[PDB]
>>> print(open('entry01.json').read())   # JSON, N, CA and C atoms
[["chain", "number", "residue", "atom", "x", "y", "z"],
["A", 350, "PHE", "N", -23.18, 0.93, -3.64],
["A", 350, "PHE", "CA", -22.91, 1.73, -4.83],
["A", 350, "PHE", "C", -21.62, 2.52, -4.65],
["A", 351, "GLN", "N", -20.86, 2.64, -5.73],
["A", 351, "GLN", "CA", -19.65, 3.44, -5.73],
["A", 351, "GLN", "C", -19.76, 4.55, -6.75],
["A", 352, "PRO", "N", -19.01, 5.63, -6.58],
["A", 352, "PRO", "CA", -18.99, 6.69, -7.59],
["A", 352, "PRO", "C", -18.26, 6.24, -8.84],
["A", 353, "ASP", "N", -18.68, 6.79, -9.97],
["A", 353, "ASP", "CA", -17.95, 6.62, -11.22],
["A", 353, "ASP", "C", -16.83, 7.65, -11.28],
["A", 354, "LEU", "N", -15.59, 7.18, -11.10],
["A", 354, "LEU", "CA", -14.45, 8.10, -11.01],
["A", 354, "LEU", "C", -14.09, 8.69, -12.37],
["A", 355, "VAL", "N", -14.37, 7.97, -13.45],
["A", 355, "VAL", "CA", -14.11, 8.45, -14.80],
["A", 355, "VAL", "C", -15.43, 8.46, -15.57],
["A", 356, "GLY", "N", -15.88, 9.65, -15.96],
["A", 356, "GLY", "CA", -17.21, 9.80, -16.51],
["A", 356, "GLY", "C", -18.02, 10.86, -15.81],
["A", 357, "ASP", "N", -19.34, 10.74, -15.86],
["A", 357, "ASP", "CA", -20.21, 11.72, -15.22],
["A", 357, "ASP", "C", -20.12, 11.60, -13.70],
["A", 358, "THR", "N", -20.09, 12.76, -13.04],
["A", 358, "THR", "CA", -19.93, 12.77, -11.59],
["A", 358, "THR", "C", -21.16, 12.22, -10.88],
["A", 359, "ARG", "N", -22.29, 12.14, -11.57],
["A", 359, "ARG", "CA", -23.53, 11.61, -11.01],
["A", 359, "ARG", "C", -23.83, 10.20, -11.49],
["A", 360, "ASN", "N", -22.80, 9.43, -11.83],
["A", 360, "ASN", "CA", -22.94, 8.02, -12.15],
["A", 360, "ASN", "C", -22.56, 7.19, -10.94],
["A", 361, "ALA", "N", -23.41, 6.23, -10.58],
["A", 361, "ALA", "CA", -23.10, 5.24, -9.55],
["A", 361, "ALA", "C", -22.86, 3.90, -10.22],
["A", 362, "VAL", "N", -21.77, 3.24, -9.86],
["A", 362, "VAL", "CA", -21.33, 2.01, -10.49],
["A", 362, "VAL", "C", -21.41, 0.89, -9.47],
["A", 363, "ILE", "N", -21.91, -0.26, -9.89],
["A", 363, "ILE", "CA", -21.94, -1.46, -9.07],
["A", 363, "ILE", "C", -20.79, -2.36, -9.51],
["A", 364, "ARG", "N", -19.97, -2.77, -8.55],
["A", 364, "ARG", "CA", -18.81, -3.63, -8.81],
["A", 364, "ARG", "C", -18.84, -4.79, -7.82],
["A", 365, "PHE", "N", -19.65, -5.80, -8.13],
["A", 365, "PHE", "CA", -19.90, -6.91, -7.21],
["A", 365, "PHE", "C", -19.14, -8.13, -7.71],
["A", 366, "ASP", "N", -18.01, -8.42, -7.07],
["A", 366, "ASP", "CA", -17.16, -9.56, -7.41],
["A", 366, "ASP", "C", -17.05, -10.43, -6.17],
["A", 367, "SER", "N", -17.68, -11.60, -6.19],
["A", 367, "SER", "CA", -17.77, -12.46, -5.02],
["A", 367, "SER", "C", -17.54, -13.91, -5.43],
["A", 368, "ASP", "N", -16.68, -14.59, -4.68],
["A", 368, "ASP", "CA", -16.44, -16.01, -4.85],
["A", 368, "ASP", "C", -17.10, -16.83, -3.75],
["A", 369, "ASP", "N", -18.01, -16.24, -2.98],
["A", 369, "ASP", "CA", -18.49, -16.82, -1.73],
["A", 369, "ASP", "C", -20.01, -16.93, -1.72],
["A", 370, "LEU", "N", -20.59, -17.31, -2.86],
["A", 370, "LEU", "CA", -22.03, -17.57, -2.93],
["A", 370, "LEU", "C", -22.23, -19.07, -2.74],
["A", 371, "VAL", "N", -22.71, -19.44, -1.56],
["A", 371, "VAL", "CA", -22.74, -20.85, -1.17],
["A", 371, "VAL", "C", -24.04, -21.50, -1.65],
["A", 372, "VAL", "N", -23.91, -22.67, -2.26],
["A", 372, "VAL", "CA", -25.04, -23.54, -2.57],
["A", 372, "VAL", "C", -24.80, -24.87, -1.87],
["A", 373, "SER", "N", -25.73, -25.27, -1.01],
["A", 373, "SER", "CA", -25.55, -26.46, -0.20],
["A", 373, "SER", "C", -26.86, -27.21, -0.04],
["A", 374, "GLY", "N", -26.81, -28.39, 0.58],
["A", 374, "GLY", "CA", -28.01, -29.18, 0.78],
["A", 374, "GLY", "C", -29.05, -28.52, 1.67],
["A", 375, "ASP", "N", -28.65, -27.52, 2.45],
["A", 375, "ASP", "CA", -29.58, -26.81, 3.32],
["A", 375, "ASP", "C", -30.20, -25.58, 2.67],
["A", 376, "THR", "N", -29.82, -25.26, 1.44],
["A", 376, "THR", "CA", -30.37, -24.09, 0.76],
["A", 376, "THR", "C", -31.42, -24.54, -0.26],
["A", 377, "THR", "N", -32.58, -23.87, -0.23],
["A", 377, "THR", "CA", -33.69, -24.23, -1.10],
["A", 377, "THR", "C", -33.78, -23.27, -2.28],
["A", 378, "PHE", "N", -34.55, -23.67, -3.28],
["A", 378, "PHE", "CA", -34.79, -22.84, -4.45],
["A", 378, "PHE", "C", -35.83, -21.77, -4.11],
["A", 379, "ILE", "N", -36.05, -20.85, -5.05],
["A", 379, "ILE", "CA", -36.98, -19.74, -4.81],
["A", 379, "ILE", "C", -38.39, -20.27, -4.57],
["A", 380, "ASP", "N", -38.68, -21.46, -5.09],
["A", 380, "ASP", "CA", -39.99, -22.08, -4.90],
["A", 380, "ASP", "C", -40.07, -22.96, -3.67],
["A", 381, "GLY", "N", -39.02, -23.00, -2.85],
["A", 381, "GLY", "CA", -39.02, -23.78, -1.63],
["A", 381, "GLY", "C", -38.59, -25.22, -1.79],
["A", 382, "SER", "N", -38.37, -25.68, -3.01],
["A", 382, "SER", "CA", -37.98, -27.06, -3.23],
["A", 382, "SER", "C", -36.50, -27.25, -2.94],
["A", 383, "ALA", "N", -36.10, -28.51, -2.75],
["A", 383, "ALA", "CA", -34.71, -28.89, -2.57],
["A", 383, "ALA", "C", -34.39, -30.13, -3.39],
["A", 384, "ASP", "N", -34.78, -30.13, -4.66],
["A", 384, "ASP", "CA", -34.59, -31.26, -5.54],
["A", 384, "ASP", "C", -33.33, -31.06, -6.38],
["A", 385, "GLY", "N", -33.02, -32.03, -7.23],
["A", 385, "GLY", "CA", -31.96, -31.88, -8.21],
["A", 385, "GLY", "C", -30.60, -31.66, -7.59],
["A", 386, "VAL", "N", -29.93, -30.58, -7.99],
["A", 386, "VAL", "CA", -28.57, -30.32, -7.51],
["A", 386, "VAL", "C", -28.54, -30.22, -5.99],
["A", 387, "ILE", "N", -29.54, -29.56, -5.41],
["A", 387, "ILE", "CA", -29.57, -29.39, -3.96],
["A", 387, "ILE", "C", -29.67, -30.74, -3.26],
["A", 388, "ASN", "N", -30.52, -31.62, -3.76],
["A", 388, "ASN", "CA", -30.66, -32.94, -3.15],
["A", 388, "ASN", "C", -29.36, -33.73, -3.23],
["A", 389, "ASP", "N", -28.67, -33.64, -4.37],
["A", 389, "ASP", "CA", -27.42, -34.37, -4.53],
["A", 389, "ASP", "C", -26.33, -33.80, -3.63],
["A", 390, "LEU", "N", -26.32, -32.48, -3.46],
["A", 390, "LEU", "CA", -25.38, -31.86, -2.52],
["A", 390, "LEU", "C", -25.66, -32.32, -1.09],
["A", 391, "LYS", "N", -26.94, -32.43, -0.73],
["A", 391, "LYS", "CA", -27.29, -32.91, 0.61],
["A", 391, "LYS", "C", -26.87, -34.37, 0.80],
["A", 392, "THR", "N", -27.11, -35.21, -0.21],
["A", 392, "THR", "CA", -26.73, -36.62, -0.09],
["A", 392, "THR", "C", -25.21, -36.78, -0.04],
["A", 393, "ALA", "N", -24.49, -36.03, -0.87],
["A", 393, "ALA", "CA", -23.04, -36.17, -0.96],
["A", 393, "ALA", "C", -22.30, -35.43, 0.15],
["A", 394, "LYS", "N", -23.01, -34.69, 1.00],
["A", 394, "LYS", "CA", -22.40, -33.86, 2.04],
["A", 394, "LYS", "C", -21.40, -32.88, 1.44],
["A", 395, "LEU", "N", -21.82, -32.22, 0.35],
["A", 395, "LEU", "CA", -20.98, -31.26, -0.35],
["A", 395, "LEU", "C", -21.68, -29.91, -0.40],
["A", 396, "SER", "N", -20.88, -28.86, -0.59],
["A", 396, "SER", "CA", -21.39, -27.53, -0.85],
["A", 396, "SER", "C", -20.55, -26.88, -1.95],
["A", 397, "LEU", "N", -21.19, -25.99, -2.72],
["A", 397, "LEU", "CA", -20.53, -25.29, -3.81],
["A", 397, "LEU", "C", -20.22, -23.86, -3.39],
["A", 398, "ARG", "N", -19.10, -23.34, -3.87],
["A", 398, "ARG", "CA", -18.75, -21.92, -3.75],
["A", 398, "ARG", "C", -18.78, -21.32, -5.15],
["A", 399, "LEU", "N", -19.84, -20.59, -5.46],
["A", 399, "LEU", "CA", -19.98, -20.01, -6.79],
["A", 399, "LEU", "C", -19.21, -18.70, -6.89],
["B", 450, "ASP", "N", -65.30, 25.32, -59.30],
["B", 450, "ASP", "CA", -65.24, 25.09, -57.86],
["B", 450, "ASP", "C", -63.97, 25.73, -57.33],
["B", 451, "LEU", "N", -64.06, 26.99, -56.94],
["B", 451, "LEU", "CA", -62.88, 27.71, -56.47],
["B", 451, "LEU", "C", -63.31, 28.47, -55.22],
["B", 452, "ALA", "N", -62.66, 28.17, -54.11],
["B", 452, "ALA", "CA", -63.03, 28.76, -52.83],
["B", 452, "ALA", "C", -61.84, 28.60, -51.90],
["B", 453, "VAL", "N", -61.74, 29.47, -50.90],
["B", 453, "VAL", "CA", -60.86, 29.22, -49.77],
["B", 453, "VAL", "C", -61.57, 28.25, -48.84],
["B", 454, "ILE", "N", -60.87, 27.18, -48.45],
["B", 454, "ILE", "CA", -61.48, 26.12, -47.67],
["B", 454, "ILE", "C", -60.93, 26.11, -46.26],
["B", 455, "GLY", "N", -59.65, 26.45, -46.11],
["B", 455, "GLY", "CA", -58.98, 26.26, -44.84],
["B", 455, "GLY", "C", -58.00, 27.39, -44.56],
["B", 456, "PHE", "N", -57.52, 27.41, -43.32],
["B", 456, "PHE", "CA", -56.48, 28.35, -42.93],
["B", 456, "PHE", "C", -55.75, 27.80, -41.71],
["B", 457, "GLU", "N", -54.56, 28.33, -41.47],
["B", 457, "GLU", "CA", -53.81, 28.07, -40.25],
["B", 457, "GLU", "C", -53.31, 29.39, -39.70],
["B", 458, "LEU", "N", -53.23, 29.47, -38.38],
["B", 458, "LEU", "CA", -52.79, 30.69, -37.70],
["B", 458, "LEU", "C", -51.40, 30.50, -37.12],
["B", 459, "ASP", "N", -50.67, 31.61, -37.01],
["B", 459, "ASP", "CA", -49.42, 31.68, -36.26],
["B", 459, "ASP", "C", -49.66, 32.16, -34.84],
["B", 460, "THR", "N", -50.78, 31.76, -34.25],
["B", 460, "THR", "CA", -51.16, 32.17, -32.91],
["B", 460, "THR", "C", -50.34, 31.44, -31.87],
["B", 461, "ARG", "N", -50.01, 32.15, -30.79],
["B", 461, "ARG", "CA", -49.34, 31.56, -29.64],
["B", 461, "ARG", "C", -49.98, 32.05, -28.36],
["B", 462, "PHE", "N", -49.79, 31.27, -27.30],
["B", 462, "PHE", "CA", -50.23, 31.66, -25.98],
["B", 462, "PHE", "C", -49.28, 32.69, -25.40],
["B", 463, "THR", "N", -49.79, 33.52, -24.50],
["B", 463, "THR", "CA", -48.97, 34.38, -23.65],
["B", 463, "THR", "C", -48.66, 33.58, -22.39],
["B", 464, "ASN", "N", -47.40, 33.20, -22.23],
["B", 464, "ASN", "CA", -47.01, 32.27, -21.17],
["B", 464, "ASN", "C", -46.86, 33.00, -19.83],
["B", 465, "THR", "N", -47.88, 33.78, -19.49],
["B", 465, "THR", "CA", -47.82, 34.56, -18.26],
["B", 465, "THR", "C", -48.21, 33.72, -17.06],
["B", 466, "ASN", "N", -48.95, 32.63, -17.28],
["B", 466, "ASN", "CA", -49.20, 31.64, -16.24],
["B", 466, "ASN", "C", -48.10, 30.59, -16.19],
["B", 467, "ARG", "N", -47.06, 30.74, -17.02],
["B", 467, "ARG", "CA", -45.90, 29.86, -17.01],
["B", 467, "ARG", "C", -46.33, 28.40, -17.14],
["B", 468, "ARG", "N", -47.32, 28.17, -17.99],
["B", 468, "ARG", "CA", -47.73, 26.81, -18.31],
["B", 468, "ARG", "C", -46.59, 26.02, -18.93],
["B", 469, "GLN", "N", -45.82, 26.64, -19.81],
["B", 469, "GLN", "CA", -44.75, 25.97, -20.53],
["B", 469, "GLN", "C", -43.43, 26.30, -19.87],
["B", 470, "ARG", "N", -42.54, 25.31, -19.77],
["B", 470, "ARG", "CA", -41.20, 25.60, -19.28],
["B", 470, "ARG", "C", -40.21, 25.83, -20.41],
["B", 471, "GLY", "N", -40.48, 25.29, -21.59],
["B", 471, "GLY", "CA", -39.49, 25.30, -22.64],
["B", 471, "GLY", "C", -38.36, 24.34, -22.36],
["B", 472, "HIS", "N", -37.17, 24.68, -22.81],
["B", 472, "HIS", "CA", -36.00, 23.86, -22.57],
["B", 472, "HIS", "C", -35.49, 24.08, -21.15],
["B", 473, "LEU", "N", -34.80, 23.08, -20.63],
["B", 473, "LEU", "CA", -34.27, 23.11, -19.27],
["B", 473, "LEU", "C", -32.76, 23.20, -19.31],
["B", 474, "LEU", "N", -32.19, 23.88, -18.32],
["B", 474, "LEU", "CA", -30.76, 23.91, -18.10],
["B", 474, "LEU", "C", -30.42, 23.17, -16.82],
["B", 475, "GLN", "N", -29.36, 22.38, -16.85],
["B", 475, "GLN", "CA", -28.79, 21.78, -15.65],
["B", 475, "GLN", "C", -27.28, 21.83, -15.76],
["B", 476, "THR", "N", -26.62, 22.01, -14.61],
["B", 476, "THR", "CA", -25.17, 22.08, -14.56],
["B", 476, "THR", "C", -24.60, 20.68, -14.34],
["B", 477, "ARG", "N", -23.61, 20.32, -15.13],
["B", 477, "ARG", "CA", -23.03, 18.99, -15.13],
["B", 477, "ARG", "C", -21.51, 19.11, -15.07],
["B", 478, "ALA", "N", -20.85, 18.02, -14.71],
["B", 478, "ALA", "CA", -19.39, 17.94, -14.76],
["B", 478, "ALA", "C", -18.98, 16.53, -15.13],
["B", 479, "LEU", "N", -17.89, 16.40, -15.89],
["B", 479, "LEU", "CA", -17.29, 15.12, -16.21],
["B", 479, "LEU", "C", -15.91, 15.05, -15.57],
["B", 480, "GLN", "N", -15.45, 13.85, -15.26],
["B", 480, "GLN", "CA", -14.13, 13.65, -14.68],
["B", 480, "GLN", "C", -13.30, 12.74, -15.59],
["B", 481, "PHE", "N", -12.05, 13.14, -15.81],
["B", 481, "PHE", "CA", -11.09, 12.36, -16.57],
["B", 481, "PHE", "C", -9.93, 12.04, -15.65],
["B", 482, "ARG", "N", -9.37, 10.84, -15.77],
["B", 482, "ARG", "CA", -8.30, 10.38, -14.90],
["B", 482, "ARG", "C", -7.09, 9.96, -15.74],
["B", 483, "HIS", "N", -5.92, 10.48, -15.40],
["B", 483, "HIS", "CA", -4.69, 10.21, -16.15],
["B", 483, "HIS", "C", -3.60, 9.78, -15.17],
["B", 484, "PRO", "N", -3.43, 8.48, -14.93],
["B", 484, "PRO", "CA", -2.34, 8.01, -14.07],
["B", 484, "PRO", "C", -1.01, 7.95, -14.82],
["B", 485, "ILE", "N", 0.06, 8.28, -14.10],
["B", 485, "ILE", "CA", 1.39, 8.38, -14.68],
["B", 485, "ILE", "C", 2.11, 7.04, -14.49],
["B", 486, "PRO", "N", 2.56, 6.40, -15.57],
["B", 486, "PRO", "CA", 3.33, 5.16, -15.44],
["B", 486, "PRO", "C", 4.82, 5.40, -15.24],
["B", 487, "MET", "N", 5.48, 4.38, -14.69],
["B", 487, "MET", "CA", 6.93, 4.31, -14.75],
["B", 487, "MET", "C", 7.39, 3.69, -16.06],
["B", 488, "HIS", "N", 8.63, 3.97, -16.42],
["B", 488, "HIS", "CA", 9.25, 3.40, -17.60],
["B", 488, "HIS", "C", 10.60, 2.79, -17.23],
["B", 489, "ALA", "N", 11.08, 1.89, -18.07],
["B", 489, "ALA", "CA", 12.30, 1.17, -17.74],
["B", 489, "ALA", "C", 13.46, 2.15, -17.59],
["B", 490, "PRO", "N", 14.35, 1.92, -16.63],
["B", 490, "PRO", "CA", 15.50, 2.81, -16.46],
["B", 490, "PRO", "C", 16.61, 2.52, -17.45],
["B", 491, "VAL", "N", 17.58, 3.42, -17.47],
["B", 491, "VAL", "CA", 18.87, 3.21, -18.12],
["B", 491, "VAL", "C", 19.96, 3.22, -17.05],
["B", 492, "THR", "N", 20.91, 2.31, -17.17],
["B", 492, "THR", "CA", 21.90, 2.08, -16.13],
["B", 492, "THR", "C", 23.30, 2.33, -16.66],
["B", 493, "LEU", "N", 24.16, 2.87, -15.82],
["B", 493, "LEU", "CA", 25.57, 2.99, -16.17],
["B", 493, "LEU", "C", 26.36, 2.14, -15.19],
["B", 494, "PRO", "N", 26.88, 0.99, -15.60],
["B", 494, "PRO", "CA", 27.63, 0.16, -14.66],
["B", 494, "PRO", "C", 29.05, 0.67, -14.51],
["B", 495, "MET", "N", 29.56, 0.60, -13.28],
["B", 495, "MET", "CA", 30.97, 0.83, -13.04],
["B", 495, "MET", "C", 31.42, -0.11, -11.93],
["B", 496, "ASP", "N", 32.73, -0.38, -11.89],
["B", 496, "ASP", "CA", 33.29, -1.22, -10.85],
["B", 496, "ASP", "C", 33.20, -0.54, -9.49],
["B", 497, "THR", "N", 33.21, -1.37, -8.44],
["B", 497, "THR", "CA", 33.18, -0.84, -7.09],
["B", 497, "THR", "C", 34.56, -0.48, -6.56],
["B", 498, "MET", "N", 35.62, -0.92, -7.23],
["B", 498, "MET", "CA", 36.98, -0.64, -6.76],
["B", 498, "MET", "C", 37.30, 0.84, -6.88]]
>>> encode(input="entry01.json", output="structure tokens")
Amino acid sequence: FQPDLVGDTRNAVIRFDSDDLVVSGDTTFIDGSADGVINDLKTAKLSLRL
Amino acid sequence: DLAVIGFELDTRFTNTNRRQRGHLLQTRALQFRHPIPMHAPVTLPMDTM
């Protein structure tokens, strides 16, 4: 959390800018599955940077 | 059929047990930010000789 420099002094602002969220064949879904996009990434030996 | 049927009172509690707080005060502050920009210059050219 960061302070809100312009505005109320008791405001906390979230500024999350990331280009490094990896999706790959070794990462599973919240339900534990690795189907669909994940399976194709595993077969193609590819990973995504979201 | 003419009778007084109802009434309402202007009764209040004595807040000596401080059951009620009423309105609240809190101290606050706001911040404003004013950055100063640069502007294009004006130039007077002259020869170096």
>>> select_by_dssp(input="entry01.json", residues="chain A", states="strand (DSSP E)", output="MDAnalysis selection string")
chainID A and resid 351:352 356:357 361:362 371:373 396:398
>>> closest_atom_pairs(input="entry01.json", of="chain A", to="chain B", cutoff="5 Å", atoms="only N, CA and C atoms", output="CSV")
residue,atom,partner,partner_atom,distance
A:355,CA,B:480,C,4.4
A:356,C,B:480,N,4.0
A:357,CA,B:479,CA,4.6
A:358,N,B:478,C,4.5
>>> select_by_dssp(input="entry01.json", residues="chain A", states="alpha helix (DSSP H)", output="ChimeraX atom specification")
/A:386-393
>>> residues_around(input="entry01.json", residues="residue A:371", least_positions_apart="5", cutoff="6.5 Å", atoms="all atoms listed in the file", output="number ranges by chain")
A: 396-399
>>> write_last_selection(input="entry01.json", atoms="N, CA and C atoms", output="short mmCIF file (atom, residue, chain, number, x, y, z; two decimals), in the coordinates of the input")
data_model
loop_
_atom_site.label_atom_id
_atom_site.label_comp_id
_atom_site.auth_asym_id
_atom_site.auth_seq_id
_atom_site.Cartn_x
_atom_site.Cartn_y
_atom_site.Cartn_z
N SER A 396 -20.88 -28.86 -0.59
CA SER A 396 -21.39 -27.53 -0.85
C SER A 396 -20.55 -26.88 -1.95
N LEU A 397 -21.19 -25.99 -2.72
CA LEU A 397 -20.53 -25.29 -3.81
C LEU A 397 -20.22 -23.86 -3.39
N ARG A 398 -19.10 -23.34 -3.87
CA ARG A 398 -18.75 -21.92 -3.75
C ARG A 398 -18.78 -21.32 -5.15
N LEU A 399 -19.84 -20.59 -5.46
CA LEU A 399 -19.98 -20.01 -6.79
C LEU A 399 -19.21 -18.70 -6.89
#
>>> residues_around(input="entry01.json", residues="stretch 351-353 of chain A", least_positions_apart="5", cutoff="8 Å", atoms="only C-alpha atoms", output="list in words")
residues 358, 359, 360, 361, 362, 363 and 364 of chain A
>>> atom_distance(input="entry01.json", atom1="atom N of residue A:384", atom2="atom N of residue A:370")
19.2 Å
>>> atom_distance(input="entry01.json", atom1="atom CA of residue A:392", atom2="atom CA of residue A:380")
20.3 Å
>>> atom_distance(input="entry01.json", atom1="atom N of residue B:456", atom2="atom CA of residue B:469")
26.2 Å
>>> axis_aligned_box(input="entry01.json", around="stretch 454-464 of chain B", padding_each_side="8 Å", output="lines of an AutoDock Vina configuration file")
center_x = -54.2
center_y = 30.2
center_z = -34.1
size_x = 30.6
size_y = 24.3
size_z = 44.6
>>> residues_around(input="entry01.json", residues="residue A:375", least_positions_apart="5", cutoff="7 Å", atoms="only N, CA and C atoms", output="JSON, numbers by chain")
{"A": [387, 390, 391]}
>>> build_atoms(input="entry01.json", residues="stretch 359-380 of chain A", atoms="N, CA, C and O atoms", output="PDB file, in the frame of the given file")
ATOM      1  N   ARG A 359     -22.290  12.140 -11.570  1.00  0.00           N
ATOM      2  CA  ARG A 359     -23.530  11.610 -11.010  1.00  0.00           C
ATOM      3  C   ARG A 359     -23.830  10.200 -11.490  1.00  0.00           C
ATOM      4  O   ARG A 359     -24.988   9.794 -11.582  1.00  0.00           O
ATOM      5  N   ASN A 360     -22.800   9.430 -11.830  1.00  0.00           N
ATOM      6  CA  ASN A 360     -22.940   8.020 -12.150  1.00  0.00           C
ATOM      7  C   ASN A 360     -22.560   7.190 -10.940  1.00  0.00           C
ATOM      8  O   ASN A 360     -21.508   7.415 -10.328  1.00  0.00           O
ATOM      9  N   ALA A 361     -23.410   6.230 -10.580  1.00  0.00           N
ATOM     10  CA  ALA A 361     -23.100   5.240  -9.550  1.00  0.00           C
ATOM     11  C   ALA A 361     -22.860   3.900 -10.220  1.00  0.00           C
ATOM     12  O   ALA A 361     -23.660   3.471 -11.065  1.00  0.00           O
ATOM     13  N   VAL A 362     -21.770   3.240  -9.860  1.00  0.00           N
ATOM     14  CA  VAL A 362     -21.330   2.010 -10.490  1.00  0.00           C
ATOM     15  C   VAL A 362     -21.410   0.890  -9.470  1.00  0.00           C
ATOM     16  O   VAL A 362     -21.030   1.081  -8.307  1.00  0.00           O
ATOM     17  N   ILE A 363     -21.910  -0.260  -9.890  1.00  0.00           N
ATOM     18  CA  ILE A 363     -21.940  -1.460  -9.070  1.00  0.00           C
ATOM     19  C   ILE A 363     -20.790  -2.360  -9.510  1.00  0.00           C
ATOM     20  O   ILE A 363     -20.604  -2.619 -10.705  1.00  0.00           O
ATOM     21  N   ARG A 364     -19.970  -2.770  -8.550  1.00  0.00           N
ATOM     22  CA  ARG A 364     -18.810  -3.630  -8.810  1.00  0.00           C
ATOM     23  C   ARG A 364     -18.840  -4.790  -7.820  1.00  0.00           C
ATOM     24  O   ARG A 364     -18.137  -4.776  -6.812  1.00  0.00           O
ATOM     25  N   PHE A 365     -19.650  -5.800  -8.130  1.00  0.00           N
ATOM     26  CA  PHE A 365     -19.900  -6.910  -7.210  1.00  0.00           C
ATOM     27  C   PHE A 365     -19.140  -8.130  -7.710  1.00  0.00           C
ATOM     28  O   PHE A 365     -19.565  -8.797  -8.657  1.00  0.00           O
ATOM     29  N   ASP A 366     -18.010  -8.420  -7.070  1.00  0.00           N
ATOM     30  CA  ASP A 366     -17.160  -9.560  -7.410  1.00  0.00           C
ATOM     31  C   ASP A 366     -17.050 -10.430  -6.170  1.00  0.00           C
ATOM     32  O   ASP A 366     -16.398 -10.037  -5.186  1.00  0.00           O
ATOM     33  N   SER A 367     -17.680 -11.600  -6.190  1.00  0.00           N
ATOM     34  CA  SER A 367     -17.770 -12.460  -5.020  1.00  0.00           C
ATOM     35  C   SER A 367     -17.540 -13.910  -5.430  1.00  0.00           C
ATOM     36  O   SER A 367     -18.138 -14.389  -6.389  1.00  0.00           O
ATOM     37  N   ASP A 368     -16.680 -14.590  -4.680  1.00  0.00           N
ATOM     38  CA  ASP A 368     -16.440 -16.010  -4.850  1.00  0.00           C
ATOM     39  C   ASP A 368     -17.100 -16.830  -3.750  1.00  0.00           C
ATOM     40  O   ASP A 368     -16.769 -18.014  -3.590  1.00  0.00           O
ATOM     41  N   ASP A 369     -18.010 -16.240  -2.980  1.00  0.00           N
ATOM     42  CA  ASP A 369     -18.490 -16.820  -1.730  1.00  0.00           C
ATOM     43  C   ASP A 369     -20.010 -16.930  -1.720  1.00  0.00           C
ATOM     44  O   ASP A 369     -20.670 -16.680  -0.714  1.00  0.00           O
ATOM     45  N   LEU A 370     -20.590 -17.310  -2.860  1.00  0.00           N
ATOM     46  CA  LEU A 370     -22.030 -17.570  -2.930  1.00  0.00           C
ATOM     47  C   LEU A 370     -22.230 -19.070  -2.740  1.00  0.00           C
ATOM     48  O   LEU A 370     -21.951 -19.864  -3.642  1.00  0.00           O
ATOM     49  N   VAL A 371     -22.710 -19.440  -1.560  1.00  0.00           N
ATOM     50  CA  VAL A 371     -22.740 -20.850  -1.170  1.00  0.00           C
ATOM     51  C   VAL A 371     -24.040 -21.500  -1.650  1.00  0.00           C
ATOM     52  O   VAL A 371     -25.132 -20.934  -1.498  1.00  0.00           O
ATOM     53  N   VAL A 372     -23.910 -22.670  -2.260  1.00  0.00           N
ATOM     54  CA  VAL A 372     -25.040 -23.540  -2.570  1.00  0.00           C
ATOM     55  C   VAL A 372     -24.800 -24.870  -1.870  1.00  0.00           C
ATOM     56  O   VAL A 372     -23.786 -25.520  -2.114  1.00  0.00           O
ATOM     57  N   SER A 373     -25.730 -25.270  -1.010  1.00  0.00           N
ATOM     58  CA  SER A 373     -25.550 -26.460  -0.200  1.00  0.00           C
ATOM     59  C   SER A 373     -26.860 -27.210  -0.040  1.00  0.00           C
ATOM     60  O   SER A 373     -27.914 -26.741  -0.481  1.00  0.00           O
ATOM     61  N   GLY A 374     -26.810 -28.390   0.580  1.00  0.00           N
ATOM     62  CA  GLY A 374     -28.010 -29.180   0.780  1.00  0.00           C
ATOM     63  C   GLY A 374     -29.050 -28.520   1.670  1.00  0.00           C
ATOM     64  O   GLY A 374     -30.215 -28.923   1.636  1.00  0.00           O
ATOM     65  N   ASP A 375     -28.650 -27.520   2.450  1.00  0.00           N
ATOM     66  CA  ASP A 375     -29.580 -26.810   3.320  1.00  0.00           C
ATOM     67  C   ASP A 375     -30.200 -25.580   2.670  1.00  0.00           C
ATOM     68  O   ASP A 375     -31.040 -24.931   3.299  1.00  0.00           O
ATOM     69  N   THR A 376     -29.820 -25.260   1.440  1.00  0.00           N
ATOM     70  CA  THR A 376     -30.370 -24.090   0.760  1.00  0.00           C
ATOM     71  C   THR A 376     -31.420 -24.540  -0.260  1.00  0.00           C
ATOM     72  O   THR A 376     -31.186 -25.457  -1.046  1.00  0.00           O
ATOM     73  N   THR A 377     -32.580 -23.870  -0.230  1.00  0.00           N
ATOM     74  CA  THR A 377     -33.690 -24.230  -1.100  1.00  0.00           C
ATOM     75  C   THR A 377     -33.780 -23.270  -2.280  1.00  0.00           C
ATOM     76  O   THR A 377     -33.171 -22.196  -2.275  1.00  0.00           O
ATOM     77  N   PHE A 378     -34.550 -23.670  -3.280  1.00  0.00           N
ATOM     78  CA  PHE A 378     -34.790 -22.840  -4.450  1.00  0.00           C
ATOM     79  C   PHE A 378     -35.830 -21.770  -4.110  1.00  0.00           C
ATOM     80  O   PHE A 378     -36.426 -21.758  -3.035  1.00  0.00           O
ATOM     81  N   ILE A 379     -36.050 -20.850  -5.050  1.00  0.00           N
ATOM     82  CA  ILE A 379     -36.980 -19.740  -4.810  1.00  0.00           C
ATOM     83  C   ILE A 379     -38.390 -20.270  -4.570  1.00  0.00           C
ATOM     84  O   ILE A 379     -39.215 -19.614  -3.921  1.00  0.00           O
ATOM     85  N   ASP A 380     -38.680 -21.460  -5.090  1.00  0.00           N
ATOM     86  CA  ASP A 380     -39.990 -22.080  -4.900  1.00  0.00           C
ATOM     87  C   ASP A 380     -40.070 -22.960  -3.670  1.00  0.00           C
ATOM     88  O   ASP A 380     -41.092 -23.616  -3.456  1.00  0.00           O
TER      89      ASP A 380
END
